[PDB]
**Student:** 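Supplied in structure tokens, the structure appears directly below.
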Amino acid sequence: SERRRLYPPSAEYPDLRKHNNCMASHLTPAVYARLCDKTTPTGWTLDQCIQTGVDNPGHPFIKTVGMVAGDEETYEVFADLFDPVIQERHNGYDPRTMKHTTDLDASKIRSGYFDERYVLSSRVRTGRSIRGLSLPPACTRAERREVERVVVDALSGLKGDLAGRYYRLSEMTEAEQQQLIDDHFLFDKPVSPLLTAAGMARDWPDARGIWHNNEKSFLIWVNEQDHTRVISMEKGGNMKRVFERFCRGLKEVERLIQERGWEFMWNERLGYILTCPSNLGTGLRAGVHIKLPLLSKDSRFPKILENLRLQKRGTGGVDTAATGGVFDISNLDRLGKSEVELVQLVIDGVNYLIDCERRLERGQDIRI
Amino acid sequence: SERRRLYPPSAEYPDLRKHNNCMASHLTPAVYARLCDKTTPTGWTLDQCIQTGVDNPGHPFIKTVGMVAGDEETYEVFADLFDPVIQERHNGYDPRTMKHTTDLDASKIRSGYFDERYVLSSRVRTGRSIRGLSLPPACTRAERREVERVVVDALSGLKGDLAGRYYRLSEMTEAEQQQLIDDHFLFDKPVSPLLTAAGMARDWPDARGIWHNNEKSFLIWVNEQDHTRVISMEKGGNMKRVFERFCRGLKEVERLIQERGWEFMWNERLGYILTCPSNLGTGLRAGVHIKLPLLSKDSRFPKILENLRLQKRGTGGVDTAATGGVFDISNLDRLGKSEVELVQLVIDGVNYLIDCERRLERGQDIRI
Amino acid sequence: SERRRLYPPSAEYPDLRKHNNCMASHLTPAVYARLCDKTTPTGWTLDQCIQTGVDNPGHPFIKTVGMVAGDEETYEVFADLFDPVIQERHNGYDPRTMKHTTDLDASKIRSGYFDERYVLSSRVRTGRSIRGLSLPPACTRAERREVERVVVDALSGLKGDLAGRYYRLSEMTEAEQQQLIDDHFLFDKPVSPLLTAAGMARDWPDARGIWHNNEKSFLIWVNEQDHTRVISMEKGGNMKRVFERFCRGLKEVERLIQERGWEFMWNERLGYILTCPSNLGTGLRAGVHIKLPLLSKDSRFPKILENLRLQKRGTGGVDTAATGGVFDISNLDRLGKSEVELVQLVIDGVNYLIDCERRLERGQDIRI
Amino acid sequence: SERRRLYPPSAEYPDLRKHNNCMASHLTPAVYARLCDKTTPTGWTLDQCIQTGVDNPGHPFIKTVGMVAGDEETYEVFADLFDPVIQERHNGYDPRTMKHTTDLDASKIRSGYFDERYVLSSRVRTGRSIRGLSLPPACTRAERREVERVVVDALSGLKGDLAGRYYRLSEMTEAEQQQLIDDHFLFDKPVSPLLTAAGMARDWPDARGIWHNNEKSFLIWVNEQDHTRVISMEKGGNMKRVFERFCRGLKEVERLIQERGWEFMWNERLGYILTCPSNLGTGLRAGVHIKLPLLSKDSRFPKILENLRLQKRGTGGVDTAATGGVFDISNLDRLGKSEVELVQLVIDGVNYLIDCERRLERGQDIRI
Amino acid sequence: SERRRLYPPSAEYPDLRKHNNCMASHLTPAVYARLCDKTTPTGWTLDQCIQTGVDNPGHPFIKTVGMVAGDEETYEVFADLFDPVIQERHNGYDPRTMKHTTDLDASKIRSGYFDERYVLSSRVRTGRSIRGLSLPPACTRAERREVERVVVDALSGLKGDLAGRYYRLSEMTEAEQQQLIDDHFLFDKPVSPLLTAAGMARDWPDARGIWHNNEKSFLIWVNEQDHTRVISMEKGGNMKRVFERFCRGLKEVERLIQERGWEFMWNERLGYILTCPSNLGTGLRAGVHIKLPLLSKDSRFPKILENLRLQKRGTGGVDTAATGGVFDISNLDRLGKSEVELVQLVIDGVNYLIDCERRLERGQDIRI
Ligand SMILES: Nc1ncnc2c1ncn2[C@@H]1O[C@H](COP(=O)(O)OP(=O)(O)O)[C@@H](O)[C@H]1O
Ligand SMILES: Nc1ncnc2c1ncn2[C@@H]1O[C@H](COP(=O)(O)OP(=O)(O)O)[C@@H](O)[C@H]1O
Ligand SMILES: Nc1ncnc2c1ncn2[C@@H]1O[C@H](COP(=O)(O)OP(=O)(O)O)[C@@H](O)[C@H]1O
Ligand SMILES: Nc1ncnc2c1ncn2[C@@H]1O[C@H](COP(=O)(O)OP(=O)(O)O)[C@@H](O)[C@H]1O
Ligand SMILES: Nc1ncnc2c1ncn2[C@@H]1O[C@H](COP(=O)(O)OP(=O)(O)O)[C@@H](O)[C@H]1O
Ligand SMILES: CN(CC(=O)O)C(=N)N
Ligand SMILES: CN(CC(=O)O)C(=N)N
Ligand SMILES: CN(CC(=O)O)C(=N)N
Ligand SMILES: CN(CC(=O)O)C(=N)N
Ligand SMILES: CN(CC(=O)O)C(=N)N
Ligand SMILES: [Mg+2]
Ligand SMILES: [Mg+2]
Ligand SMILES: [Mg+2]
Ligand SMILES: [Mg+2]
Ligand SMILES: [Mg+2]
């Protein structure tokens, strides 16, 4: 009957009195009550958006957004809660007013070569979603298989240096997968509670895979945390070559994908849409590992790092710590700046860090 | 259940990598995704609109639109795809901004007499659709029979020189139909793939017919490719008389049709609505055949023809080629210009063509 | 408004006064009125079922059903019209009461070797539809591509003698396709009016292909007239080996298809569901070509052939005639009998025909 | 099914080629097609509005509107057709633009006494509808009974000179009803085709009645052609007393009706809503009979009458003619002018008419 | 539009080619296709039912069902898949035909005392669900809080020896929770993949708690894996006292719950409804730990255990192994047998096990 009463929204309000994530900070009873009825056309709802944040109050060793998007419409349907979170996460970028600009030019990134005694590794990463298909948090098996087929068919057209092969996770022996993971190429099974709570580990390892070139300098993860994750890696400090290869490969992949009538998720307000609001905009993360004996001498590291808008993850894996200090240092903000700008910022920050080692003298300049 | 997922629009996107029609040129994944859910009140959909273009990439010896309209609402519902196609097809006429004006006056078409040694035939054609009834691509049997009844009842009222008789295709012996076709009067069965793919050959020959006057100088095809096709023909170069008869007969037919409460499809933005976007506006085609020994001497013909906005089809039938060169030359653009203007343009172009007989001198002037 | 009146069903009733197909014979105003509102869950309707029959009254040189099915549900939704047609087409088999049994055993088909001087070719064909996907008359582009992907992935698992390769029609040069067609391997473009009117030529050649083994003795047409057409052919009279290979290959293909969670359309009442009601049940056609000088001496062929329940097509296919008499003789009925029974019947009929070479004496026995 | 086609609106368009009513004049195929889907909340439709006009092309001896309203919403829902009709019927009043003002003051109508030798009868009539109840063309039995109950209960409260009694038509002997009709008090059974075609004779004589005061100078017809018709009569030429009594009685009746929570249909754009668009606005008709020997001498009567905006009906009954000339002369326009203005206009026109007795002189002044 | 096509069910079919759980064994494409549209009134669907089984193919050291129920209606809506699974899991009990009988009598369980040198612990467990509230896999925050409130209010009425207190998990320090877990009283956080994949760890630790008596011999877990889990423990081999206390406490709890108008989920076909089909029927598990030096001598243990219908989990925790062999031995089947019968079976099995200590002789009797 229509006379039956629903549970009032405040009855469903999560208990976030001990949470320490941006979703908990920016969620209020008014917002929850306002948004608890809405839903994206594919059925995504607010509770599904904030489940990962609700279940995970902590997760060292970095601050977490606590939200995910089930599809493109989410960021528009639940903008009343995503917008403040995005603004806080990206040092003040305002999606409501500002616009995002993307440029991928390896010409305007001159220099960008690091000392081989302090870097010994350079990687550039980005993510891409296929329009019309639900994101990993909400995708069904059919949608995941469709994403895999589209990506594999597109990548089959890559020729020349970028030519490579696709390896299905379900067809790889555990030893091979472990060897690939230990080499920083493949992705590990999603056991971290943040991924599991978001629902981005359903049906594992179905429809997940890795497409890599023969030199393994150009890789593409299929269906791990986004529809596609494009990676360009090199064991050294030559960020210039890595970024040039990344740019050309990404352009070719986009062209091949569009050839078949598929287009990436994108809007000028937010840039490239991805699951985690922390990856919006360019979704780009350019970083380098650090030599063990050197940066270990730092004492006021976090202040300097927040000074330069850089983030320091441990060795391979965000969930891992740093032992025998070798830190993966990358840019912190991915929205509001162009890819070239982000790479230049990373290069400048790393040059500062290696210059700030000061193994002969003492003194931290910070230099806000 | 509502949790089941539909095929993403890009999955249905046609493969037009080898097509050479305006629909293929102006169709993009964004447009297809935007329009793949809409539908006219009678159920016409985008796929039905573009089926003929998808199936037919070629079709010599002229460029083809590759689209058809199922009803009046189509041009409004799918305007996002029809408008660029119409603009390209009609040398820049912009339906969004401009307006179309129609005038049928035989007084302001002074002159217009061709040399009898180079024309020997003059025809004028137009199309008309009855409002409220689906177009041939989408019409059911009941709608087709209704169109036939309305047209026949209206035409029964014609008196005087225009007085004529209606002949039902289903009641005509094959020999009589073949004789009429060979005389350029009747229409042949629609075997060309463009007509069949559009669905404009369903239930043949049911409800199709030809109404012609005793002299056979005035004819009306019922349910061939439009609801009505009004034709005025004469074996000679006297375009003036042909056009005068065409104008008066068309006015009388329109009056008789409106007498019973039926009105033609029409809107000032597009003019007279017809199935093929190439026939919008006036839908008028005025043309003449050409004497065999004469125009055969031409070498740079296509450049001159595109110069004058004229189209050259072979002998009887667009699908046929030209042998022993005798070309059917007509106007190319039917929207944005009035009927009088189009006829005057055809007369000027034909006078230019005959003036360039070059049986005693050489040189092509083009004269853009 | 709800006060508006629909066209009465009799207004839409087709004009079949001159038709000569089973649909025209068994269609009555009462049946049409009863069924003109129903529709299968995918939207198939009666008019779409009978369009091919309505448009085509003739089509030599064989009697035609005049109907097609858009999906599995059709045969159940429109049973009131399909059942009499099926019963008449399959010499009295009653789908309402009887049941169909299928057995594919090459052991119980002993003998089956024809004289090499009168056969010189032996082929066995069947069709199969993937459950859950619309049939070629109604399938959209996405469904056709899904069928192609499922079939190709399944067939990739065939090993040993059956090992083969898939060739996409869109990627084959016209010369190669013509050579394959002339060799009786590949299928030609569907230009015959029966196929076009049924809508089984939309989006050609998208998603159509041929998968064949290295010896080309085992072929599979993908998306030509059914979802799959499995063919086993040999240039000779050894029907035994051909049928054995056909049986084992079909079993392997079915196993591979089921491995991935796809099941063939099938119900014990009708057997294997296919587009044309003439292919229901087993859908099997076993046949042989005939030597030119020999059977040409016959005069009362049609009576004998109808006596033996055999069909006589042209050497080039159903749509071609027989010149320099070389007739493709096959079984006529495919529903109500098992595959082994049909093959044995074909063998017995061919042995009877060759026994009646009438080179020594004369006289036709008929032998009903 | 949704694929079935409705009859196109032009198929339902009435055949008005021989009609002579305002509805026929102002009805066009475009208007009919536009309005043939709409309907008032109570279910009234355009065909029901125009049925009376369609069935009746003639009806001497006056020009007829040819339309009726089923409820209050009609004039708003079908304004596209009622507005031109109202404008033509009320000599230019434009309901879209201008507003209507009502005043009932017997003080500002000084004079207004006619010669007893040329009038011998004075009547004033008006109509009123109860809001929330369907009009007589569309009212069901329950609604008609509700109207009767509301009106009778209200009128029971009248006191003093206006005190009277209610007589139910179903409880009155035929002789009494005939006597009342012959005295110009009661209304006759609705046998005229205009009333019957409009559906305003259904369930006769159920729920119809007459409430009159003891002197029979104040009367109220219940459910004859409107919900209420208030009438004030006097056998003489004293229009002043008749009109003041009419005003006070109408005010008292309105007060009593509003006492119980019922309000009259009214909007400033149109005034008081009634069934026939010819009665909109005030709905007031003030008139007088004429002595037999006197006005019979007129020859150019119609021109003069149209000059003064007066209408001449025969003796008792609009449907009746004038024998032994005694004409009922009243105002022609009821909308756009106030009641006092209309009464003054009638008085001036009657004074003009009697002044033109022409028993001793000659001249048709007309005096536009 | 309604012309868009859904993904065929076989496209969503899980890839279970390597799974080893009952759901994978008893899931077929036909069943999946049949059930993929249905849904319980609260929105539970088949994919949600089988997600835990799909994600987890293994999970030593016991065979897993691989399914869960979202609410009471699930077992009825998806019976076509639950029934075979239940039958296989409960050694042939047929829910379709048979009925379940429950009796909780401590009188008819005479004896039941184990040797203190081989048991040193005795526990009895059961589960209960509140009717009208979604099960832990599907319950929202409001429903979980409602379950907690109902259970706590009911348990507040327990008096006498059963008198106890409720401890909210969110209000207990980590040290206290760890101490309780190490003592085998409290439940640990659900980190095992089977619980997480089923969605039974959402919003942890909100609304989860433990209500225990002062002696801690009677405990009730609130919202861990069922709505309520009632447990009775004793550090010894006196199963008689444990079971009688369990019976009386359960009866009192049920009475108190029903006092407020709440009733347990129950139907005679299945008994007491719970999330995991392995806990249906009584949901009872009676077990004992085993002394370290003793049962370690066994070699053919699994055959004997399957002989006696007993299951051997490791030490505290099903997910944990057995080191220094001390096995938790309990009954294996909970549906089709009464609680008294199950406890007697457990007692007989444990007596057999201890009798087969073989510390003096050798030989395994099995004794099927
Ligand atoms: N600079 C680098 N050099 C080598 N490997 C890297 C680098 N940065 C990241 N990786 C590899 O990427 C994998 C996942 O790292 P993660 O923190 O998830 O980066 P992302 O943000 O791109 O997911 C790790 O296994 C790690 O080895
Ligand atoms: N100038 C002409 N003289 C004689 N016949 C003509 C002429 N133009 C067209 N026709 C006749 O019209 C028929 C169809 O021509 P088509 O190219 O379809 O013209 P339309 O554009 O009006 O369809 C042909 O059979 C042809 O004989
Ligand atoms: N027994 C046979 N031997 C050789 N070729 C054959 C045989 N049967 C069919 N074909 C070839 O297959 C092609 C299509 O045959 P068709 O008449 O469509 O058979 P079906 O009815 O099974 O489709 C033709 O080109 C024909 O040459
Ligand atoms: N001036 C008048 N004097 C007497 N009776 C009248 C007068 N005007 C109208 N009536 C009476 O009203 C009755 C109906 O007349 P009708 O033309 O319908 O007027 P209305 O416009 O009020 O309907 C007739 O029977 C007639 O006798
Ligand atoms: N016989 C027993 N004696 C002592 N503790 C037990 C016994 N059985 C179970 N437990 C305790 O119950 C907790 C959970 O046990 P579990 O294996 O989940 O039982 P269930 O299969 O009923 O969930 C463990 O921490 C364990 O210490
Ligand atoms: C660890 N996280 C959370 C974040 O991005 O803040 C991922 N989105 N992977
Ligand atoms: C041949 N065509 C295509 C076109 O007009 O371009 C017809 N519409 N008939
Ligand atoms: C030629 N036909 C018609 C028939 O089978 O009768 C095909 N279905 N191919
Ligand atoms: C006679 N008529 C028609 C009209 O008013 O024009 C009535 N409405 N009574
Ligand atoms: C470990 N399991 C699976 C099972 O019961 O089989 C739980 N339901 N807890
Ligand atoms: Mg990462
Ligand atoms: Mg043409
Ligand atoms: Mg064939
Ligand atoms: Mg009247
Ligand atoms: Mg447990």
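Note that these values count all heavy atoms, side chains included, but never hydrogens, waters or copies made by symmetry. Naming: A, B, ... by sequence-line order, numbering from 1 per chain.
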**Student:** Given 3.5 Å as the limit, does a donor-acceptor pair link the side chain of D71(C) with the main chain of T74(C), or not?
**Tutor:**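 Indeed, once roles are kept as given, a pair shorter than 3.5 Å links the two residues.
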**Student:** Rounded to the nearest 0.5 Å, what separates atom CD in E143(C) from atom OG1 in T42(C)?
**Tutor:**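 Taking CD in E143(C) and OG1 in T42(C), the distance rounds to 7.5 Å.
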**Student:** Please assess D94(C) against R269(C) for the test salt bridge (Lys or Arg N to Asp or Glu O under 4.0 Å), listing each intermediate value before the final yes or no.
**Tutor:** CA-CA 9 Å; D94(C) 177 13; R269(C) 167 169 80 94; over 6 Å; no
**Student:** With side chains defined as the heavy atoms from C-beta onward, is the minimum distance between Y75(C) and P95(C) less than 4.5 Å?
**Tutor:**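 No, their side chains stay 4.5 Å or more apart.
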**Student:** Does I304(C) reach the side chain of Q364(C), with side-chain heavy atoms less than 4.5 Å apart?
**Tutor:**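 Yes - at least one pair of side-chain heavy atoms lies under 4.5 Å apart.
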**Student:** Determine, step by step, whether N279(C) and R334(C) satisfy the side chain to side chain donor-acceptor pair (under 3.5 Å) criterion, reporting the C-alpha distance in whole Å, the side-chain angles of both residues, the deciding distance to 0.1 Å, and the verdict.
**Tutor:** CA-CA 6 Å; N279(C) 286 329; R334(C) 338 202 181 287; 3.2 Å; yes
**Student:** Would you find a donor on one side and an acceptor on the other, under 3.5 Å apart, between the side chain of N267(C) and the backbone of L270(C)?
**Tutor:**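 Yes, the answer is positive, given that a donor and an acceptor are paired below the 3.5 Å cut-off.
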**Student:** So which atom in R202(C) and which in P137(C) form the shortest heavy-atom distance, rounded to 0.1 Å?
**Tutor:**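 Heavy atoms of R202(C) and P137(C) come nearest at NH2-O, 3.4 Å.
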**Student:** Are the side chains of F301(C) and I329(C) in contact, using a 4.5 Å heavy-atom criterion?
**Tutor:**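 Contact flag for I329(C)/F301(C) side chains = yes.
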**Student:** Give, for atom CG of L104(C) and atom OG1 of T126(C), the distance between the pair rounded to the nearest 0.5 Å.
**Tutor:**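 Rounded to the nearest 0.5 Å, the CG-OG1 separation comes to 8.0 Å.
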**Student:** Is a donor on one side and an acceptor on the other found under 3.5 Å between the side chain of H227(C) and the backbone of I130(C)?
**Tutor:**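 Side chain of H227(C) to backbone of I130(C): a pair is present.
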**Student:** Please tell me if the side chains of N238(C) and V242(C) come closer than 4.5 Å, counting only heavy atoms from C-beta onward.
**Tutor:**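 With C-beta onward as the side chain, the pair stays apart.
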**Student:** Kindly say whether the aromatic ring centers of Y167(C) and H212(C) come within a distance under 6.0 Å.
**Tutor:**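 Yes - the distance between ring centres of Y167(C) and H212(C) falls below the 6.0 Å cut-off.
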**Student:** For the backbone of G261(C) and the side chain of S10(E), can you confirm whether one donor and one acceptor N or O come within less than 3.5 Å of each other?
**Tutor:**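 Yes: the side chain of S10(E) pairs with the backbone of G261(C).
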**Student:** Looking at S156(A), is its backbone amide N or carbonyl O close enough to the side chain of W211(A) to form a donor-acceptor pair, meaning the two atoms are under 3.5 Å apart?
**Tutor:**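 Not confirmed, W211(A) side chain does not pair with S156(A) backbone.
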**Student:** Step by step, would you call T228(C) with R128(C) a side chain to side chain donor-acceptor pair (under 3.5 Å)?
**Tutor:** CA-CA 5 Å; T228(C) 41; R128(C) 287 297 195 281; over 6 Å; no
**Student:** Does the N213(C) side chain pair with the main chain of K216(C), one donor and one acceptor, at a distance under 3.5 Å?
**Tutor:**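 Yes, because the side chain of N213(C) sits within donor-acceptor range (under 3.5 Å) of the backbone of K216(C).
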**Student:** Measuring from atom CG of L308(C) to atom CG of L353(C), what distance do you get when rounded to the nearest 0.5 angstrom?
**Tutor:**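 That separation rounds to 6.0 Å.
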**Student:** Less than 4.0 Å between a side-chain N and a carboxylate O, is that true for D319(C) and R313(C)?
**Tutor:**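 Not counted as a salt bridge, because no side-chain N and carboxylate O are separated by less than 4.0 Å.
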**Student:** Please report the interatomic distance CG(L169(C)) to CG(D206(C)), rounded to the nearest 0.5 Å.
**Tutor:**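 Going from the CG atom of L169(C) to the CG atom of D206(C) covers 10.5 Å.
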**Student:** Main chain of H289(C), side chain of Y118(C): is a donor-acceptor contact present, judged purely on distance under 3.5 Å?
**Tutor:**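 It does not hold such a pair.
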**Student:** State, with a plain yes or no, whether a side-chain heavy atom of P190(C) is found less than 4.5 Å away from one of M200(C).
**Tutor:**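 No - every pair of side-chain heavy atoms lies 4.5 Å or more apart.
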**Student:** Check the pair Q311(C) / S330(C) against side chain to side chain donor-acceptor pair (under 3.5 Å), numbers first and verdict last.
**Tutor:** CA-CA 5 Å; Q311(C) 180 167 90; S330(C) 57; 4.7 Å; no
**Student:** Are the aromatic rings of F218(C) and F246(C) close, with centres under 6.0 Å apart?
**Tutor:**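 No: the rings miss the under 6.0 Å criterion.
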**Student:** May I ask you to say whether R145(C) pairs ionically with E148(C), meaning some side-chain N is under 4.0 Å from a carboxylate O?
**Tutor:**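 Salt bridge: no.
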**Student:** Side chains of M233(C) and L219(C): does their closest heavy-atom pair fall under 4.5 Å?
**Tutor:**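 They are in side-chain contact.
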**Student:** State the CD-OG1 distance between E339(C) and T101(C), to the nearest 0.5 angstrom.
**Tutor:**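 Reported to 0.5 Å precision, the distance equals 8.5 Å.
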**Student:** Let me see the working for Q87(C) and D83(C) under side chain to side chain donor-acceptor pair (under 3.5 Å), right down to the final yes or no.
**Tutor:** CA-CA 6 Å; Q87(C) 189 168 356; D83(C) 290 11; over 6 Å; no
**Student:** Taking the basic N atoms (NZ, or NE/NH1/NH2) and the acidic carboxylate oxygens, is any pair closer than 4.0 Å for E72(C) and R131(C)?
**Tutor:**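 The answer is yes: the pair qualifies as a salt bridge.
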**Student:** So does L194(C) get a backbone contact from the side chain of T52(C), meaning a donor-acceptor N/O pair under 3.5 Å?
**Tutor:**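 At least one qualifying donor-acceptor pair exists.
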**Student:** Does any non-hydrogen side-chain atom of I86(C) lie less than 4.5 Å from one of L335(C)?
**Tutor:**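 Result yes, sub-4.5 Å side-chain heavy-atom pair found.
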**Student:** Check whether any side-chain heavy atom of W266(C) sits under 4.5 Å from a side-chain heavy atom of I273(C), and report yes or no.
**Tutor:**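 With C-beta onward as the side chain, the pair stays apart.
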**Student:** Would you check if the side chain of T275(C) reaches a backbone N or O of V68(C) as a donor-acceptor pair within less than 3.5 Å?
**Tutor:**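 Flag not set: sc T275(C) to bb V68(C) has no pair under 3.5 Å.
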**Student:** Is the shortest side-chain N to carboxylate O distance from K240(C) to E244(C) below 4.0 Å?
**Tutor:**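 Here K240(C) does not pair with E244(C) in a salt bridge, since their nearest N and O are not under 4.0 Å apart.
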**Student:** Salt-bridge test for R144(C) and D203(C): reply yes if a basic N is under 4.0 Å from a carboxylate O, no otherwise.
**Tutor:**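 Looking at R144(C) and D203(C), the cut-off is met.
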**Student:** Using 30° and 60° as the class limits, which term best fits the ring planes of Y32(E) and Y13(E): parallel, tilted or perpendicular?
**Tutor:**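 Correct class here is perpendicular.
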**Student:** Determine whether a donor-acceptor pair (N or O, by modelled atom type, separation under 3.5 Å) exists between the side chain of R149(C) and the backbone of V147(C).
**Tutor:**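 Absent.
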**Student:** Taking atom CD of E146(C) and atom OH of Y7(B), what is their separation to the nearest 0.5 Å?
**Tutor:**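 One gets 3.5 Å once the value is rounded to the nearest 0.5 Å.
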